[PDB]
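Heads up, the thing below is written out as structure tokens.
Bear in mind these aren't lab numbers, they're just calculated from the coordinates by the rules spelled out. Here the Cβ is made from the backbone with ideal geometry for all residues, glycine too, and neighbour counts use every protein chain on show.
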There are 2 protein chains.
Amino acid sequence: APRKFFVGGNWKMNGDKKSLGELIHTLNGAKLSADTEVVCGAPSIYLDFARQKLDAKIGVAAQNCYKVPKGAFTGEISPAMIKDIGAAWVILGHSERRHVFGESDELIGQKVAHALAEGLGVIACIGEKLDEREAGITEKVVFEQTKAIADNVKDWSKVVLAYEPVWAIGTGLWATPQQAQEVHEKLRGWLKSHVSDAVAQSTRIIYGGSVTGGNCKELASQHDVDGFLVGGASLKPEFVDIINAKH
Amino acid sequence: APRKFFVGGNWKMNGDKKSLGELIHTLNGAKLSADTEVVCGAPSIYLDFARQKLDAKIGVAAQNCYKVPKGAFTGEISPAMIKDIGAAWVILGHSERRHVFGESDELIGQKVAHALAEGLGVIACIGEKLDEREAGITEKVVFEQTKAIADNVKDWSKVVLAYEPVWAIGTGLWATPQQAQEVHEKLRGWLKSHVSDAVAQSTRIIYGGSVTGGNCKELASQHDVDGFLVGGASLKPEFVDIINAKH
């Protein structure tokens with residue numbers, strides 16, 4: 001009945017074998033809550049390395065992939081390759097790929113469908129920007145993005161939604177736990193009416209804003225926040241505290 | 001005085017540990033010419049693996065990277081990471097990155113600057129599309145792309161230009177050895193007047209069109225073709241014949 005708490009740690013473009021080696025060794029020896037499903041999002045070049053060194057209980061995620069198994073797409077990797085090195089997840093639709101690299105809702109949706117058909121789990125990301133949040137069209141934007149994902153999801157048991165308050169990234173604005181709860185609650189209500197009641201009750205909607213050891217207990221105590229997609233703090237030893245945010 | 005023959009092998013988005021393992025085993029046991037600099041362009045998730053398995057005499061190249069060492073750029077790898085796993089090259093501005101993923105001349109120039117400063121070698125790719133070749137403005141296009149790269153190159157000794165006749169990629173048209181020589185010759189002349197004569201005589205300008213064991217002998221015998229950037233044929237054992245194109 002209860003959704004399993006889910007902390008993913010998006011490392012982004014960071015680290016080398018030495019620094020990521022020390023990070024992994026710290027997670028391996030740390031007292032982690034058995035209630036939490038932990039997943040580390042490693043750079044593509046370090047996905048094989050991260051899987052070898054990390055304990056089997058902690059999952060590994062690609063930070064991005066493409067929509068077909070093979071082909072003339074220099075620079076890209078496919079779900080077939082991510083599966084081949086032992087990883088079981090992929091992060092798609094991150095705000096950074098949307099913004100810096102112009103990834104459309106259509107393109108993200110194709111990636112979601114393919115990743116899922118190949119047997120990977122997907123951490124799908126959504127979120128509205130500053131001018132959108134200020135305009136009061138938060139719901140219209142995240143529902144548009146969630147629909148572009150959901151049209152390509154037949155089975156929700158391998159999917160986790162991640163809300164990114166992009167409006168509070170790099171601008172003077174900040175997100176409160178109450179504001180996060182209000183978006184998560186509306187996303188769950190969207191899944192209830194557009195997919196099914198059971199999908200809404202079992203699907204983890206994790207918060208992907210600024211999550212630190214100092215603010216995670218309050219964000220996790222929110223009814224409809226089922227975990228985090230942690231940015232910068234996933235590289236530090238306090239990522240352990242964030243995993244244990246309910247204890 | 002002569003420019004060392006340079007055969008790079010762009011694997012693109014293809015293969016797994018098993019298939020790439022057999023590929024690498026064939027190249028390691030093959031009778032490769034000492035006069036040919038061989039470099040394998042592996043997918044990012046298999047870069048580490050490729051460097052370990054491949055003999056030291058064959059270089060390893062990333063198929064793409066970003067313009068800073070670290071940062072909030074989910075899904076991207078940096079030159080510092082490529083250097084960390086033992087690779088010494090990177091393929092930038094590939095036609096597929098330009099067309100499918102909208103990589104601009106500016107972004108490519110920024111990437112080239114960073115890659116060279118971090119100590120990597122660069123196979124920079126340029127080429128005119130069908131509508132540009134048809135309009136007769138081939139010179140104007142490849143001079144623009146080469147300039148965007150040259151403005152960000154301080155030292156050309158670690159750089160290799162790869163001409164990609166994109167107008168002959170899936171259009172039904174094919175580039176003849178005379179037509180390849182015609183572009184390569186004009187590119188070397190561009191380097192002569194816009195940089196220096198010494199740079200023009202020492203810089204390898206390799207052919208990035210469709211290269212097989214059937215057509216490489218005639219292409220390589222052209223005066224200003226100094227090697228190849230091989231596509232599909234770099235996965236198969238005939239890549240050995242292409243490496244030995246002059247013998």
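Please work out whether chain A counts as rounded, prolate or oblate from its C-alpha gyration tensor, where a ≥ b ≥ c are the square roots of the eigenvalues and a/c under 1.5 means rounded, while otherwise a/b larger than b/c means prolate and anything else oblate?
rounded
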Exercise for the section: Using a/c under 1.5 as the rounded threshold, could you call the protein assembly as shown rounded, prolate or oblate? The axes a ≥ b ≥ c are square roots of the C-alpha gyration tensor eigenvalues, and prolate needs a/b larger than b/c, oblate otherwise. Expected result: prolate
Practice task
Starting from the amide H of B:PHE5, placed 1.01 Å from N in the peptide plane, find each other amide H under 5 Å away whose residue is 5 or more places distant or on another chain.
Solution key: B:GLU37
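Can you give me the relative contact order of the range A:134-245 as a percent, contacts being Cα pairs under 8 Å and 6 or more apart?
26
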Exercise for the section: Treat every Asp and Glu Cβ in the range B:100-236 as -1 and every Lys and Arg Cβ as +1, leave all other atoms uncharged, and give the resulting dipole magnitude about the Cα centre to the nearest 20 debye. Expected result: 360
Handout entry: Under the Karplus curve 6.51 cos²θ - 1.76 cosθ + 1.60, θ = phi - 60°, whole-Hz ³J(HN,Hα) for the range A:174-185, x wherever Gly or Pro sits
Key = 9, 9, 9, x, 6, 5, 5, 4, 5, 6, 4, 5
Completion exercise
With one decimal in nm and the nearest listed first, the spacings from B:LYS186 to its own position in the other copies, using label points 7 Å along Cα-to-Cβ, are 5.5
Completion exercise
Residues whose built amide H sits under 5 Å from the amide H of B:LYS70, excluding neighbours closer than 5 in sequence, are none
Fill in the blank from the handout: Which of A:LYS57/A:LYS246; A:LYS53/B:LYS17; A:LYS147/B:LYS70; B:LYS83/B:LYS158 exceed 21 Å between C-alpha atoms? The answer is A:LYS147/B:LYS70
Fill in the blank from the handout: In order over the range A:231-244: 3J(HN,Hα) from phi, Karplus 6.51/-1.76/1.60, θ = phi - 60°, whole Hz, x for each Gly or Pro, gives x, x, 5, 5, 8, 9, x, 6, 4, 4, 4, 5, 4, 8
Exercise for the section: In nm to one decimal, list the spacings between the A:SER104 label point and its equivalents in the other copies, with label points set 7 Å along Cα to Cβ, shortest first. Expected result: 1.9
Practice task
Would you kindly work out, in nm and rounded to one decimal, the distances from the label point of A:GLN52 to those of the same position in each other copy, ordered shortest first, with label points 7 Å along Cα-to-Cβ?
Solution key: 0.3
Exercise for the section: Classify the range B:1-91 as rounded, prolate or oblate, taking a ≥ b ≥ c as the square roots of the eigenvalues of its Cα gyration tensor: rounded when a/c is under 1.5, otherwise prolate if a/b is larger than b/c and oblate if not. Expected result: oblate
Exercise for the section: Compare the Cα positions of B:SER210, A:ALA88, B:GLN63 along the charge dipole of the protein assembly as shown (+1 at Cβ of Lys, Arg; -1 at Cβ of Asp, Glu; about the Cα centre) and return the one farthest towards the positive end. Expected result: A:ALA88
Handout entry: Positive-end residue, chain B charge dipole about Cα centroid, Cβ charges, pick of B:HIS99, B:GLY109, B:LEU130
Key = B:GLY109
Fill in the blank from the handout: Expected integer from the mean partner chain Cβ neighbour count at 10 Å over B:86-93 is 1
Exercise for the section: Could you work out the relative contact order of chain B, using alpha carbon pairs under 8 angstrom and six or more residues apart, expressed as a whole percent? Expected result: 22
Practice task
Measure off 7 Å from each Cα along the Cα-to-Cβ vector at B:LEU130 and B:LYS18, then give the distance between these two points in nanometres to one decimal.
Solution key: 3.7
Fill in the blank from the handout: For the rotation taking chain A to chain B, the chain A residue with the nearest C-beta to the axis, plus the distance in whole Å, reads A:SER44, 2
Handout entry: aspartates and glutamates whose Cα lies under 18 Å from that of B:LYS4, excluding same-chain neighbours fewer than 8 positions away
Key = B:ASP35, B:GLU37, B:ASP155, B:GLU185, B:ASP197, B:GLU218, B:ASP224, B:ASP226, B:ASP241
Fill in the blank from the handout: Output field shielding_mean for A:38-45 (other chain Cβ, 10 Å radius) holds 5
Exercise for the section: Counting helices only, and only those DSSP H runs with n ≥ 4, report the 222 nm mean residue ellipticity of chain B as the sum of -39,500 (n - 2.57) divided by its residues, in deg cm²/dmol to the nearest 500. Expected result: -11000 deg cm²/dmol
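Quick check for me: using +1 on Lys/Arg Cβ and -1 on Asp/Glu Cβ, what's the dipole size of the protein assembly as shown about its Cα centre, in debye to the nearest 20? Could you put the intermediate results ahead of the total?
Numbers: 56 positive and 60 negative charges, 236 e Å.
It comes to approximately 1140 debye.
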Exercise for the section: Let me know the mean shielding of B:13-21 by other chains, meaning the per-residue number of their Cβ atoms within 10 Å of its Cβ. Expected result: 5
Handout entry: Test item: Cα-centred dipole of chain A, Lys/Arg +1 and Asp/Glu -1 on Cβ, debye
Key = 600
